[PDB]
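Line by line, the protein sequences give chains C, E, D and A.
The first sequence maps to residues 25 to 224, 229 to 344 in the authors' numbering.
Residue numbers for the second sequence follow the authors' numbering, beginning at 24 and rising by one.
Residue numbers for the third sequence follow the authors' numbering, beginning at 26 and rising by one.
The fourth sequence maps to residues 24 to 199, 217 to 726, 731 to 806 in the authors' numbering.
Beta carbons: idealized from backbone N, C-alpha and C, even for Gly.
For reference, the structure discussed in these notes is given below.
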Amino acid sequence: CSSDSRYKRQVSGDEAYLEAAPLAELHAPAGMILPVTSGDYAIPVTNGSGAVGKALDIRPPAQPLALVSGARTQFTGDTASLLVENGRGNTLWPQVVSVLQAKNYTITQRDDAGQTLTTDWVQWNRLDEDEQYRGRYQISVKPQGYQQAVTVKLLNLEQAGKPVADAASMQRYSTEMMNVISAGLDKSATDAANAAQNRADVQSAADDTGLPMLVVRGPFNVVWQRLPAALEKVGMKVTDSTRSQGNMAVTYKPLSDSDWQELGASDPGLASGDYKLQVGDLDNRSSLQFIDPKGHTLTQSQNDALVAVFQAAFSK
Amino acid sequence: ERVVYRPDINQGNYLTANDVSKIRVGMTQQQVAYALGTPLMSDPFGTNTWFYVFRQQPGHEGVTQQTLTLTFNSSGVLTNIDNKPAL
Amino acid sequence: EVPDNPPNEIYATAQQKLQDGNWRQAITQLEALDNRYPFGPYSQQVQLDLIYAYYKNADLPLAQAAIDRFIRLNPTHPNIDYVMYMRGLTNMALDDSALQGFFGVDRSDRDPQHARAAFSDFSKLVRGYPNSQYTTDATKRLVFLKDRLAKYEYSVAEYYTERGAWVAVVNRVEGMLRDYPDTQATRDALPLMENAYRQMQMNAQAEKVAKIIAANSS
Amino acid sequence: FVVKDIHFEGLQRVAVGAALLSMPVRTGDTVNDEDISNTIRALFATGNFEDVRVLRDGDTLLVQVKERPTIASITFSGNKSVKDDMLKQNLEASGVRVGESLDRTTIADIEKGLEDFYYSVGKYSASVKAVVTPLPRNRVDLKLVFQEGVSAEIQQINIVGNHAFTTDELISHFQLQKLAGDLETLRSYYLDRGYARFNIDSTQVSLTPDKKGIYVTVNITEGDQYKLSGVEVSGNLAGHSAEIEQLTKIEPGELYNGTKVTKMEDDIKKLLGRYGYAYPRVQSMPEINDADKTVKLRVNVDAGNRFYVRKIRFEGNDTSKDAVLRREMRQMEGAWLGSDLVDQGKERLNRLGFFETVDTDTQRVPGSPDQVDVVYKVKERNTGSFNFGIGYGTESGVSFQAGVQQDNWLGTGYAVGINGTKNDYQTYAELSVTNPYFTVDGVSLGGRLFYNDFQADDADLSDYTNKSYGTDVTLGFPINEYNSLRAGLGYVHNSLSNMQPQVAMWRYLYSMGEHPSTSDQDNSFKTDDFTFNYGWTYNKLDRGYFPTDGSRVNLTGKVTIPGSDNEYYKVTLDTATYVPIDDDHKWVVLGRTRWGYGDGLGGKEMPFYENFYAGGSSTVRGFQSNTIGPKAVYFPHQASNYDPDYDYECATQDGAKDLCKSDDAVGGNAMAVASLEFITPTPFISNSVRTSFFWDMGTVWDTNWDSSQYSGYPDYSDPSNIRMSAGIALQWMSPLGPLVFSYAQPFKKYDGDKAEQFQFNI
């Protein structure tokens, strides 16, 4: 990279403003008043002392991150707090343990009963900074609102040997730890939903407007990932893909009569061309509606017709 | 040496001597305000004082000045009325 | 253009390119992210990081408009101290827009409304949240901004002194003593006032000014 | 029931505290059943939820909440007639836009709304369908099913009641659009022509058989002809009534003109503001006579107060100095509001041309009856230009060039125009450091130091040495607001050698007292000239960058003072005048006119370097630079001691027997060109660009040319040969500078002149 670093943390521009002459106020002559002040622009001194000029770090304060839907991040003192609305606590504590055991941090002490543990030093690898940080953390699971709180407390923080006690870092690296676990739980959940789908029906549906579409098993993300591949067997080559819109575009051609019954369903009888698709999120299912290359939703006929075809595509 | 030309300056108030007549000593600043209007400058420290300068100057015709100084009492009362032309 | 992926991968991208020091790319990632997933779980830290990135890439109008959004929607966020000091910085930095900084020709002639706003914002910051991290440096910046705002006044005063409309002068210096009494600019401004009185044959006031000058001469 | 604590479920996008705040009740408060309903409705008012459920766990109140949003993408499919970019713009002004809370109960309301927006363009049978499709989080995308009707306007427009005016000419004004606007241009047309009791009685709109086109039939009463009986002035006129009578002058039998009335009202206001009365009260009470059909305009006036200016503020001057803007004031800080002086400040500022816009805003000062403040809202437009055209040589050493004028040096006013051109043989350079305000009153001190080292090196000897260098100090004297003068001194040294033999040239050398060969190169002459540079400039243009009205006249002269090896006089005149035809100032007529004349004084001739030349974007378009005018007529030449075969031979003895004519223009001591451009708006952003349709012309000639002696050759002293051209000029303002492009075809082409259709400069 040969960037030399140190630049990202400091303000842009010269420090010349720092040099500015001290505001001396002039003493009043004998028997004369000076309108001492009327307007604003008056200046209060607090003596700080905080960092000034370049020394001051202006990096965006890390925020605790709540990947789970309906998860509260609050930060106070040296503690990052993630609250998640779940059933039981004693089962989530070892999920956390699986995450950290995957990350391989050193465990000085542990306690499944108290659901709390104390780690050895943790070494970070941030590009924005030159001297890497060491963190000692206690991590614990305490249910407070009948939903549990994953709590991270940065016991000892060390910047290249010297123990640090500046404010920002405490947060940034408490939160680093926080975001590490939070991410990890996201990965446990997604890897589990995905693996459960892979290792393991299509059904006709109403869709709230009376128009016809197909509800397929699986969450939005999983179903999305699997959609194009599942769309080779159907005979549609994916042109446009957009998850943030759930809109795919396709250039469909019918396979041969030879090519229909390997899959296991008969032909649906639709004219070849440039169609469009809308995907939707149900917590554990997904919506999928198609539109004529001109631009009109199929009738309940063709719709119900492609259920067998699609459920033949998803047979693994 | 010779003066080819310059644009003309202008100043506030344009006292009409008739307006200078309508005022008498012992007035509150408000009555004064009613006729004389907002002095651009009050003495910052001497006391209550109102300064009325008609200071016209056409281009390269020199400066022509008049100066009306009004000194008030601490209890909001006019005590001194000084009128200058030129000097 | 950014590929279409779940937000989880794209943010990690934007933090590695932000930590890399590569701002234009990071901005691209973040902005794409802010528009496509308007209120994701981490939609706050994205505006924070964008504000930071905008500031470093010197794209100031978008920086302030972003700061201002964050303030409007989150006026009670814990890390508002950062966001406030940013607004202050945004104005102050904006003031020195021209390349004359290279040439070094002095500013303050420039409309310092930006210095005015910067001052306002910083003042808000150090007053409202006095034990913030950025309070001390902000203070240091504030003394400076004061002298700038004083200098705009001194400048206009200087002009009206060469012009000849003395009333404008004594009024502007009057303002200076009222607004920025303890600045070097005001002290430098005192003779221009004295002269102005003498020109209108008002030596009494001129003599008062003379006394004030004599009080702090050096 | 005393609340012990509060808990919430399903919060997602909305924060805990933000909901706690919008709530009327909180912890501790004595709650009964009504308070629950109140706070539930209060949560519903925040417009962020589809459902709110509130119920207690004995004492700990629980808030179950079900969110409504979120719009992330608004996609259109089936739209071709209406752009997406604008559809977006329409939804934003309806509440429902990208990144907002979506309301399920107003779904049909949006559908309906869409169907109504299509009635303007010409679709009355389009049906739309709304698609609500969710996303991973609580988000949703918006796909909109468009089914646009058939394209029909359809026909036609009908008017009932028109006797004075023919329907044809009436319709011809709308097109040169939607109903209210043309109803307004109709109403305006009638009112301007003096039909006051004219009224639009009915607007009948019928449906065509395919029911997607409409038939318009409007009925109106035209009032008779109406003439003004007289203008009566009433109210408090503050003793300035006399001028007001002259403003309220009406022509004998002048027709009632509402806009003339408004014009008059503002004339009066302006007049008053000039004395100081910044905030006047004008009202028009038109009493109508219907028997004689006359109108009496009763006008009530109340001047109010007059003195106001406290401080002047300048906002939007980021590069420029406060001083530079404030110096152009006619209105003083601490003075009478003199609106004339204020708007004259606007004017001076606009004539400077440093801004796209200069705007005046006079604001009252609070607590003070007398004071106001005038602020000048300016928008900087940048000054000057960095540009050059590099490449390409490789047969010759190096094709290098530069050029940059800033017209305002990094916000100082000290306008400089430094330009330079270094070549493998030719070398040129020039400086124009000039400050427009040297004195407080606008004395312009300039100094233009131009110098070019012209080695012209081929044979390195006896080959056209052309060194020259000179300085032009100058001083501008503003006599009035719109006029200024000039006096200054110019020096110039010129070392010329091995002048190729030519008629005019030699004619000049001979009358000088030098007698060189008519076949030999290597003939040298050195000259030191001292000149007096005088001038006078008038400017009353409105704008400085894109002037829409006014006229600029620059007159510059030069005359040799005693002591100069050269003796001549020279006068140059530039005229440009902008004339607008529409009230919007979008269609202009420009009248350019450039002039030049010079001659020797003491039985001498004028130097060929001070010659005038025409051809090119700067003079006449459609022509090669400086090609217009006199051509060179070389004598039977020998050699520069350099004689390689088949290259650069003009009159070389290798095949030359007699005097030779060439294309190489030498230029004349007299000149006149003119232009007539028609400025039109470029389609169609609506002042970032300006285009014109020009008609250019010009002629250059040498008065001392002897037609008697050289009868067998064209007369280079006859002015009637005016080469002409016409075409298109696009003036675009790019960030790298002001660029011009001209494609012009010269119809009047004379021999010796070179053509250049497409021209690009700066």
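Chain E contact residues for residue i, given Cβ-Cβ distances below 7 Å
| i | result |
| --- | --- |
| C/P59 | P67 |
| A/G374 | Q34, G35, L63 |
Contact list for residue i against chain C, beta-carbon separation under 7 Å
| i | result |
| --- | --- |
| A/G101 | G323 |
| D/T208 | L47 |
| D/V168 | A44, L47, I67 |
Proximal chain C residues relative to residue i, where beta-carbon distance stays under 9 Å
| i | result |
| --- | --- |
| D/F144 | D64, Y65 |
Nearest residue (CA-CA) to residue i, options the options
| i | options | result |
| --- | --- | --- |
| A/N805 | A/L783, A/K798, A/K792 | A/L783 |
| C/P296 | C/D332, C/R245, C/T103 | C/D332 |
| D/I237 | D/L217, D/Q224, D/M225, D/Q226 | D/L217 |
| A/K417 | A/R592, A/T400, A/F428 | A/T400 |
| E/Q79 | E/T87, E/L59, E/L93 | E/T87 |
| A/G771 | A/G460, A/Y757, A/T735, A/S778 | A/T735 |
| A/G553 | A/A714, A/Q801, A/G643, A/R162 | A/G643 |
| C/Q330 | C/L239, C/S164, C/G101, C/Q253 | C/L239 |
Residue i classed as buried or exposed, judged by whether at least 16 other C-beta atoms fall within 10 angstroms
| i | result |
| --- | --- |
| C/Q125 | exposed |
| A/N390 | buried |
| A/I725 | exposed |
| A/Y686 | exposed |
| A/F67 | exposed |
| C/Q306 | buried |
| A/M325 | exposed |
| A/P684 | exposed |
| A/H677 | buried |
| D/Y110 | buried |
| A/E171 | buried |
Chain D contact residues for residue i, given Cβ-Cβ distances below 8 Å
| i | result |
| --- | --- |
| A/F354 | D136 |
Amino acids of chain D, ordered along the chain, whose beta-carbon sits closer than 9 Å to that of residue i
| i | result |
| --- | --- |
| E/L110 | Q226 |
Contact list for residue i against chain A, beta-carbon separation under 9 Å
| i | result |
| --- | --- |
| D/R61 | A95, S96 |
| E/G99 | Within 9 Å Cβ-Cβ: nothing; E/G99 doesn't reach chain A, min ~18 Å. |
Amino acids of chain E, ordered along the chain, whose beta-carbon sits closer than 9 Å to that of residue i
| i | result |
| --- | --- |
| A/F738 | What A/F738 touches in chain E: nothing, since even the nearest Cβ is about 37 Å away. |
Is there contact here, the stretch 178-196 of chain C with the stretch 147-158 of chain C, by at least three beta-carbon pairs under 8 Å? yes
On the three-pair Cβ rule with 8 Å, is the stretch 136-150 of chain A touching the stretch 278-297 of chain C? no
By the 8 Å beta-carbon criterion, what residues does the stretch 170-189 of chain D contribute toward chain E? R188, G189
Output needed in chain order: residues of the stretch 289-310 of chain C with a Cβ under 9 Å from some Cβ in chain A. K304, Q306, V307, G308, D309, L310
Mind the definition here: the stretch 474-489 of chain A touches the stretch 513-526 of chain A only if three or more C-beta pairs lie below 8 Å; say whether that holds. yes
Can you list, in chain order, the residues of the stretch 62-89 of chain E whose Cβ is nearer than 8 Å to any Cβ on chain A? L63
Near-chain A residues of the stretch 25-40 of chain E (beta-carbon distance less than 9 Å), N- to C-terminal order: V27, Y28, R29, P30, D31, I32, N33, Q34, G35, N36, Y37
Evaluate the contact criterion for the stretch 746-754 of chain A versus the stretch 541-552 of chain A: three or more CB pairs, one atom per stretch, below 8 Å. Yes, the stretch 746-754 of chain A touches the stretch 541-552 of chain A.
Can you give me, in chain order, the residues of the stretch 163-184 of chain C that have a beta carbon less than 8 Å from any beta carbon in chain A? Answer in chain order: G169.
The stretch 590-603 of chain A touching the stretch 562-571 of chain A, judged by at least three CB pairs closer than 8 Å: yes
Using a Cβ-Cβ cut-off of less than 9 Å, list which residues of the stretch 266-277 of chain C approach chain A; keep chain order. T270, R271, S272, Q273, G274, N275
Using Cβ-Cβ distances below 8 Å, what residues of the stretch 76-103 of chain C are close to chain A? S93, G94, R96
Beta carbons nearer than 7 Å to chain E: which residues of the stretch 481-496 of chain A have them? Residues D481.
Contact list for the stretch 398-415 of chain A against chain E, Cβ threshold 7 Å: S408, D410, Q411
Residues of the stretch 643-669 of chain A in Cβ contact with chain E at a cutoff of 9 Å, in chain order, please. Hits within the stretch: zero.
Just by C-beta distance, which residues in the stretch 144-159 of chain A are closer than 9 Å to chain C? Residues passing the 9 Å Cβ filter: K152, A153, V154, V155, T156, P157, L158, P159.
Using a Cβ distance threshold of 8 Å, determine whether the stretch 346-358 of chain A contacts the stretch 292-309 of chain A, with at least three qualifying pairs required. In this structure the stretch 346-358 of chain A does not touch the stretch 292-309 of chain A; the number of beta carbon pairs closer than 8 Å is below three.
When Cβ atoms are compared, which residues of the stretch 287-305 of chain A fall closer than 7 Å to chain C? For chain C, none of the residues of the stretch 287-305 of chain A brings a beta carbon within less than 7 Å of one of its beta carbons.
When the Cβ atoms of the stretch 58-75 of chain A are set against those of the stretch 106-113 of chain A, are three or more pairs found closer than 8 Å? no
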